[PDB]
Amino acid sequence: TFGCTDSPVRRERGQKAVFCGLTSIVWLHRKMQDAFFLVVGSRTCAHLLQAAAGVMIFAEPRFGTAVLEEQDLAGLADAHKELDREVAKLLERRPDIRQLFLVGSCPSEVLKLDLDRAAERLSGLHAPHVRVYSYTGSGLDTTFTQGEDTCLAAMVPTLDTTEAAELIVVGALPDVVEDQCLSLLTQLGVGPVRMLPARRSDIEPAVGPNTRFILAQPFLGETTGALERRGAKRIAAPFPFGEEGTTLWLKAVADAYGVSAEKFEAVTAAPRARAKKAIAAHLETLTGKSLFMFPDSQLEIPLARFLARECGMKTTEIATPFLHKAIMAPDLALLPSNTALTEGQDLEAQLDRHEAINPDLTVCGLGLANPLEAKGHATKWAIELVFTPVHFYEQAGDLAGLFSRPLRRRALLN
């Protein structure tokens, strides 16, 4: 009845409706406060960020694009020298910034612009005030949330050293969700515990051979590598989505740190009781309903697991842009065995399978969402799942609500 660990997963390239890693800036710049994200790219990349940010663009945010010109395209020794001029000019007019991220785009990568070395020389040139990093967010490398992965993995090698036995919760999460996590972890008697990324450059976590760390977002493969390479050890756990996710999430940290039986139940019961009851309100329109998800964020597998076990949905095809085998093991084993899994995408083919299934609710991209509505399928645009708080106990009612809303709306316009 329950278990997808030995499921064969369709790996599938082709035409792909997805976002590049660039987009991660749109929320990362919010959490990371003394940081600045300068994409080295074309007008196209500026355009994406500008459309993606939406009204955020007018809020004088901490990102921009250094858009390439004809002159920059050819000759690579002048491309680097001109860049440093851009940066110095930028850096000298925003002294509030301590962290600069040179984000790599497709055009920067095709022009073989060594931005890892540009970051290199710029750190030395602008220390002690400003450290500058480099990471890829290009179409050729990244899908949507993988932009956060490469970003953080870039910060890792340069973090501080420590023999301390610290906990690190990895992945940027809304500041509301973050505090809940911190408080529950202090309540269970585990500390000290820092987030990565921290809200500010001065208060970043430190790594050492004794650091345990734990992922809060599933799309954090490269960052794990980075951390394990500095000698920290991961705590494997299902992702904190729903009463069950969060409990099992917190249970792994408890067991890794030696928190007692009663001590867990005591801290956990009340917050749980609450979440289970907020989720009930939605079971109504959700139970029995068939579910299908297009590939986007890598949040599909854990959320699908959640929708099936707590909101009683029946799963059909759950697609992910990339499936990291080991990170996803705890969740995979909890997925309803009937589930069909896909890694990657072929758009034309997947749309054909979609129709054939004809599912009650479809998670999918915004360029895909409206055309599907017109064809008579109810849809829940995926991109919300990153901007809305969703992790841990309080938000678990709201999480379910995200998927009950569109269905309650189609019922309601009839």
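Rigid core (definition): largest C-alpha set, two forms, superposition within 1.5 Å. Numbers for residues come from their place in the sequence shown, where the first is 1.
Comparing 288 to 296 with 69 to 77 in 5 other deposited structures of this protein, after superposition on the rigid core, the stretch with the greater RMS C-alpha deviation is 69 to 77. After superposition on the rigid core, the larger root-mean-square Cα deviation in 5 other deposited structures of this protein belongs to 85 to 93, not to the other of 245 to 253 and 85 to 93. The stretch 384 to 392 shows the higher mean C-alpha B-factor when 384 to 392 is compared against 38 to 46 in the entry. Mean CA B-factor, 89 to 97 versus 287 to 295: the higher value falls on 89 to 97. Highest C-alpha temperature factor among 106, 103, 214, 79 per the entry: 79.
In the deposited entry, the Cα temperature factor of residue 378 places it in the highest third of its chain's modelled residues.
Per-chain ranking of the deposited C-alpha B factor places residue 322 in the middle third.
For residue 249, the recorded CA temperature factor ranks within the lowest third of the chain's modelled residues.
Annotation for residue 127: C-alpha temperature factor in the highest third relative to the rest of the modelled chain, per the entry. Sort the modelled residues of the chain by CA B factor and residue 68 lands in the lowest third.
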